[PDB]
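Working notes for the structure below.
Values below: all heavy atoms of this structure, side chains included; hydrogens, waters and symmetry mates excluded. Below, read A as the first sequence line, B as the second, and so on, with proteins coming before strands; counting in each chain starts at 1.
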Number of protein chains: 4
Amino acid sequence: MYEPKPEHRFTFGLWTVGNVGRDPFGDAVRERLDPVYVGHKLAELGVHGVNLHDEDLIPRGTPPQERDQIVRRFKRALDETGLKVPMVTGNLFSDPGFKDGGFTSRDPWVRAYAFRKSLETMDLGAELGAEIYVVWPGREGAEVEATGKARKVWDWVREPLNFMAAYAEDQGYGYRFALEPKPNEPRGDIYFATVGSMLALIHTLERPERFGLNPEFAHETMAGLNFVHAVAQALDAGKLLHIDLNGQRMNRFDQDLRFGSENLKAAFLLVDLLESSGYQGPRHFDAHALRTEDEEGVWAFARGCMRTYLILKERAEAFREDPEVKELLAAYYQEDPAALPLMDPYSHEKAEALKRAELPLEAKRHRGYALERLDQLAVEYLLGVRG
Amino acid sequence: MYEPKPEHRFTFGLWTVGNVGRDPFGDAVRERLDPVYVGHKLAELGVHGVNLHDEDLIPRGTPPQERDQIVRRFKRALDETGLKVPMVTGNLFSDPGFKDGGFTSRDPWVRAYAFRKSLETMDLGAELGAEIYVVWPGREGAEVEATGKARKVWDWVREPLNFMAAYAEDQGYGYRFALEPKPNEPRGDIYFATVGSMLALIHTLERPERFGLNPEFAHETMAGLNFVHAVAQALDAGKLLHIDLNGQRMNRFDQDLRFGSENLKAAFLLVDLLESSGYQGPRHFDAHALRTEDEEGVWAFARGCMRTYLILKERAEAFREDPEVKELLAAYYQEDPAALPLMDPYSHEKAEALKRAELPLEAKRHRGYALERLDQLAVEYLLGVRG
Amino acid sequence: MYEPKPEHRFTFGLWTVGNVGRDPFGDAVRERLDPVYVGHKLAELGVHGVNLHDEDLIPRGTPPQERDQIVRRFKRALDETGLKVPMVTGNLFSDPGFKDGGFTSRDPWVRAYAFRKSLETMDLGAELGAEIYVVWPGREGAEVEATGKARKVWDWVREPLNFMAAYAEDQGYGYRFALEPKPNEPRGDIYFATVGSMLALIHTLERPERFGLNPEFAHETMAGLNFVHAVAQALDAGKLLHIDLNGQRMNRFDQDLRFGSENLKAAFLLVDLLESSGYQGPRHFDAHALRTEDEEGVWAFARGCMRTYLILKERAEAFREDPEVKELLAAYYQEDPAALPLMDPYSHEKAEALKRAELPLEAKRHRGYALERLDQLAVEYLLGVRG
Amino acid sequence: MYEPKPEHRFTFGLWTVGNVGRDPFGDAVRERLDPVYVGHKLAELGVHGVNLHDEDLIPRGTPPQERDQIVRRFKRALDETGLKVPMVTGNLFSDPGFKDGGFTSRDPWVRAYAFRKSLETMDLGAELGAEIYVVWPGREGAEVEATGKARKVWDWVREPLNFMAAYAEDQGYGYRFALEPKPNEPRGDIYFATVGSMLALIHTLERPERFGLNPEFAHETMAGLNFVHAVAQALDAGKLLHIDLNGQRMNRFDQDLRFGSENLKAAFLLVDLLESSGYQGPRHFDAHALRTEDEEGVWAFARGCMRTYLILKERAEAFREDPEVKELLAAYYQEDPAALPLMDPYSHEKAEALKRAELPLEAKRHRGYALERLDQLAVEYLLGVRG
């Protein structure tokens, strides 16, 4: 009764369910899955679509003849299944060429390489129907500041982002560009570390209207930052073009846990934010199954992401309809209209009225906002003691 | 031989050296210092100026008659000493009225109060020669998301910031407005949490040219974020209008340690960034002495902030002149001009040239960037083994 | 239907519900509550008992005559209500005397003061029926390591802990001593930072059998550490003498949120651990209401702590009875008895059997442990979709 | 003039300098180095010794015939060079068999495997002259608590640790066993997370005198904990048998930076602690070169670890000899002998004397400890402005 439908727009990257379970201290625990195989499986599960990096589909150093049989056979599978490919993104982190940056490498040959790799992935994307192009700057950071490179990297990424947007409009591609921040890892620090950082950068590009955000839950949470506040800002800027959903314990390596598995309350209020905002983009699960899992466990991971989202959606809906909740929100959003005309846009006499206004300070000093009761109500709904 | 001069622009808030050493688990360990007293002391130490909140100088509920003797006697002291007051800022965190927000309180009477409090501090500032107005949104955050207030707060702060800038230009004040982010505390999370967050907001105000950043070292570092990356972005945006300098161990309460006392290498490369950028605003030490200190220890704290800054400045200068360092930076900023014309602004034939270009990938795969040697050189300079 | 009974052993420190809502950047938002008043209220709510610091009941500098009317009138209230006082603890953090340590102050006069203050609180405790004495070393840490004091503090706290235990057995008090770790705050770092740290120290005292742990949820979580693992170790050592319950977001100031309000899943498995272990000590809520609250909100905070605990207890019970859950735990705790006799205590021929044993490695390599399904089941129970 | 000598006891694991620079988002950037090659290089650099995992020398699935040519040719190299092998340790993290634990796997076949793998590495160690056996429990943690395994893991590790110690004494090996805590990674949380955790466990083993600690700087720092406090406790317990030295920025993935490269002040006071304590075990650098490095950069990494250690050693020596420093430490370690006889071991009349003693409280309230001056002195020495 919490079954995924295409209107839900649940997507999985090829690399999410396809993760072989290697980590920095361990071998692969799983077999590599064929891309055609995972298209059929995700279709069975009720997924709207599948995302990919260029290297997810066509591994580095594949002759163009073989490159084309691969893409041919993948498109047939998408045709057979009705799966979309909403989002693509160039792998700019794996090649050793990128060891000190893709776009922010000091070597212009390497920045060129990063470039061309991006253009070619844009071309593959269009060949597959992709509408969103994601830029994750995973290799764009430093551990050695003595270089002074932090002064230079802003221009360097403006340049290809601008070049990428111009190439797209030249080719008649319809890409919106979605920028994905991460505070660290694989670099000691990544330059474009926050949602706000990527939001500010956008306003300096040449075609800003083409550019938005792909915030990821684990990325912000890695640094102990509030993901719900960050996504609200992106929404208020009109720049939420894509969202990456998963779970994470604060202040350590990127876990990419199943969605909702660790921070139920944050996931709750996030699903609430997205749904009630009328966000219409993909809900991507950028997560992998635990390393303790076999292939069966991978598909239980996939099913569990989508099911947990649907449970919280229904639950946040019922929470907002509760009479006591409505009564509580009404009382604290209470606005005295005598207060309101001291407010809003500037006028000389509004300032003078304000400075002479007799404010009800002791009344506002004593005021309780009843957020403890409101917060207990939400926890009891989350617990299903009220739902 | 590391003695502060006015061209150094070292400032101290009244509340920094004036901190009585109360904390959430302890009483005050020190006496409250008279403002006139601390102006004479900071003048002796070689400080360019002193900052203040309204309530630092005029405690809440002081009759205007007494308000004026206070301001009179303070101005005389500034006259006697030649100290400036570069920066003022309205205390929007102490009054219980602000328990659930200043500008982001849900009660319009409280948002009005926050407002008027700001206008009045702008007026005091002008009466004292202040040029920078700082906004620290310490009470603007949440611990209960069930309210949905995160959707609303962006317009609510746009409104007063816009109103504040309009009032200023109406009165012929010359204020630049400096916005100070902090990731949490006193709130579980503060909405405007990062440098990037405040940078993005600025681009949505009505008079953006009047608005910049006051990043604080301890604020970014509290969340394990790289302060040097954050300040570089503000500099590249042209929005570094003020900077708050101190020290901090990551991921806990705000310590406000003496500058350079904990993260020497970060302070080093920060002083390097500021100086070599030609930043010309105040160097504010928003820090207090350790709670183990008496008044003597306070002035040793004050002397130590400035002296540590001057030592690193000289050191970063010598580091940059080292022949081996110059040789190392030259080799890795190495640019092949054949790589460069594949670069920079878009053209149809530049894209085609790029996609047909034969890139030297194996050569760039094997390439070491010698950052271990560069990083060891900087540590040895820091240690004075080379300086 | 989740109503607190005395067999639940829910206790509140006087300082929890009595918190006036002052913080490092704000005034008090509430009135100070009379101790007799809060005894009657907690009795109404269904609390087993109330804890106190010496200075919670008798403020510093109260003449012994007045000290005795206070204690007289408090005992009457306890008699009237049937409330217990399970736990007392000397305030060794507030007095400015303790600015650089209580037990770990370098000044022997201050260590003597800390001492005597502890003995006198032991005496008050006995006069009130207290059975557990808690030591929170909040002032025992450093921000300046140049002193070398880290080498000395271990002997210094051995000395008074040993002296305190000897005084108690001399006076015929029945105290068990419960040691409370915290990683930092109010000190930059506190020496006894972890559960493991306090566990190790105990084994060096003279009467170790008298000494155990008071782990606090917020303390361990402040440092991003797993509280459930920490409490399991204390339980396995037989040293869980008391537990302090609340909520906390990782890596910042101590929030002391209402229990279960932030980390539902951790609170779930914690209540499960405690209950199924047969822990019989007090469940203390060391937490305060949000600073946005009036007195009504305080009692909603108190009611919510206990109600949330009871909901989870019932829920963990139901989770453990689920057939699928039982089937899942059975399959993975699966033990082949041929594996087992290679196990357990050493013998020369067991070692030789092991080294010659032909192990089923490929079978164990391919093995999935189905923890994704188990974890999704627990989340669905938590959400009440299954409960 | 900071050249490594064997009395310095600098060791490198084969896996440190041998790290191929693969990470969770990137390919290997370097060639695999031959073990005989790295023995000759480390000998050139001035290293006392080289450590190894079983799989560093003999990769999984090497026939015993080939196993023996390998060990033969390695021993010759050690003979030629005079390098020691102070420490060995079984790789219990890489094999997929260990996906849900080595010693704490729920499958008794896997616990047997972990066991036998340990015994066999103990045998190789003895064949090579090893004196210290290290246990890093990297795979001993959980991300799914629903299993209840946290209750069981303490006995499970007691069992093999006890079995390992008995096997060693049976074989007449001279191993001391060194236990290495880590708070997380590769597991979401690792059970034995802290120095205190491992210290407490030791006291429950059968031959505790054989067991101590191998604390690693990055491990404690990953969780924002103070490594200097943790190492002081191990020293005070007499359990520092080995130490792993490197650098780390708090609250993220394990970086394993070059020693001293990031936290100069912490490294300073650590080298001070070790040296002035008369610690005589190995100084292991468990660190790798940055991923931006070629093989030249690796040896610059290796050289820089040792040189940075020697610079700080000399510096901490000079700091302690400074007259002003000695005068400062003397004044604050000041002990009034009238305070001291209230102190130390219990007596009925000492308690009575204490409770009647008239303490000099106002004098101690006003007391400043001059730690701001002391801390500024140590920073100025660190900076070489005083050295």
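The contact between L269(D) and chain C is made entirely by side chain atoms (from C-beta outward), counting heavy-atom distances below 4.5 Å. For a residue to count as touching a neighbouring chain, one of its non-hydrogen atoms must lie under 4.5 Å from one of that chain's; by this rule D344(C) touches chain D with backbone and side chain alike. Neither the backbone nor the side chain of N184(D) comes within contact range of chain C, judged by heavy atoms closer than 4.5 Å. Residue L371(D) touches chain C through both its backbone and its side chain, counting heavy-atom pairs closer than 4.5 Å. Interface remark: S277(D) contributes side-chain atoms only to the contact with chain C (heavy atom separation under 4.5 Å). At a 4.5 Å heavy-atom cutoff, the contact between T194(D) and chain C is made by side-chain atoms alone. Heavy atoms of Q334(D) lying under 4.5 Å from chain C belong exclusively to its backbone. For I190(C), the part lying under 4.5 angstrom from a heavy atom of chain D is the backbone only. Residue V110(C) touches chain D through its side chain alone, counting heavy-atom pairs closer than 4.5 Å. Contacts between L329(C) and chain D at a heavy-atom distance below 4.5 Å involve the side chain alone, from C-beta outward. For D336(D), the parts sitting under 4.5 Å from any heavy atom of chain C are the backbone and the side chain alike. For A230(C), no part lies near chain D; criterion is any non-hydrogen pair under 4.5 Å.
Taking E362(C), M164(C), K355(C), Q233(C) one by one and counting their heavy-atom pairs under 4.5 Å with chain D, the maximum is reached by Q233(C). Note: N226(C) leads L342(C), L199(C), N226(C) in heavy-atom pairs under 4.5 Å with chain D. Most heavy-atom pairs under 4.5 Å with chain C, from the set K265(D), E335(D), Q171(D), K350(D): that is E335(D). Counting heavy-atom pairs closer than 4.5 Å to chain D, the top residue among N162(C), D236(C), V325(C) is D236(C). For chain C, the option among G97(D), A266(D), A146(D) with the highest count of heavy-atom pairs below 4.5 Å is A146(D). The most heavy-atom pairs under 4.5 Å with chain D, out of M198(C), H348(C), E206(C), come from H348(C). Heavy-atom pairs under 4.5 Å with chain D were tallied for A223(C), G368(C), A378(C), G224(C); the largest tally goes to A223(C). Interface remark: of the candidates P337(C), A338(C), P160(C), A338(C) forms the most heavy-atom pairs closer than 4.5 Å to chain D. The residue among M222(D), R111(D), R367(D) with the most heavy atom pairs within less than 4.5 Å of chain C is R367(D). With chain C as the partner, the residue from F163(D), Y346(D), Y369(D) showing the most heavy-atom pairs under 4.5 Å is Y346(D). Among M250(D), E372(D), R158(D), the residue making the largest number of heavy-atom pairs under 4.5 Å with chain C is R158(D). Most heavy-atom pairs under 4.5 Å with chain C: of the set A150(D), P96(D), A232(D), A351(D), this distinction falls to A232(D).
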* To do: Determine, stepwise, if the pair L274(D) / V271(D) fulfils side-chain contact (heavy atoms from CB on, under 4.5 Å).
  => CA-CA 5 Å; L274(D) 287 188; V271(D) 169; 5.8 Å; no
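Under the ring-ring contact (aromatic ring centres under 6.0 Å, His included) criterion, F268(D) pairs with no residue at all, not counting sequence neighbours. With sequence neighbours excluded, the residues satisfying salt bridge (charged side-chain N to carboxylate O under 4.0 Å, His left out) with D272(C) are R320(C).
A donor-acceptor pair is defined here as one N or O able to donate and one able to accept, closer than 3.5 Å; no such pair exists between the side chain of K149(C) and the backbone of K152(C). Side-chain atoms of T104(C) do not come within 3.5 Å of backbone N or O of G101(C) as any donor-acceptor pair.
A salt bridge between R187(D) and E143(D) is present, with a side-chain N of the basic residue lying under 4.0 Å from a carboxylate O of the acidic one. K117(C) has no carboxylate O lying under 4.0 Å from a charged side-chain N of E120(C), or vice versa, which leaves the two without a salt bridge. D107(C) and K99(C) are not joined by a salt bridge, as no carboxylate oxygen comes within less than 4.0 angstrom of a charged side-chain nitrogen.
Within the 6.0 Å centre-distance limit, the rings of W154(C) and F192(C) are counted as a close aromatic pair.
Note: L377(C) CG to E324(C) CD = 4.5 Å, rounded to the nearest 0.5 Å.
Ring planes of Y173(C) and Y167(C): perpendicular class, angle over 60° (limits at 30 and 60°). Aromatic ring pairs are classed by plane angle as parallel below 30°, tilted from 30° to 60° and perpendicular above 60°; the pair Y191(D) and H229(C) is tilted.
The side-chain heavy atoms of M343(C) and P108(D), taken from C-beta on, include a pair separated by under 4.5 Å. The shortest distance between side-chain heavy atoms of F98(D) and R365(C) does not fall below 4.5 Å.
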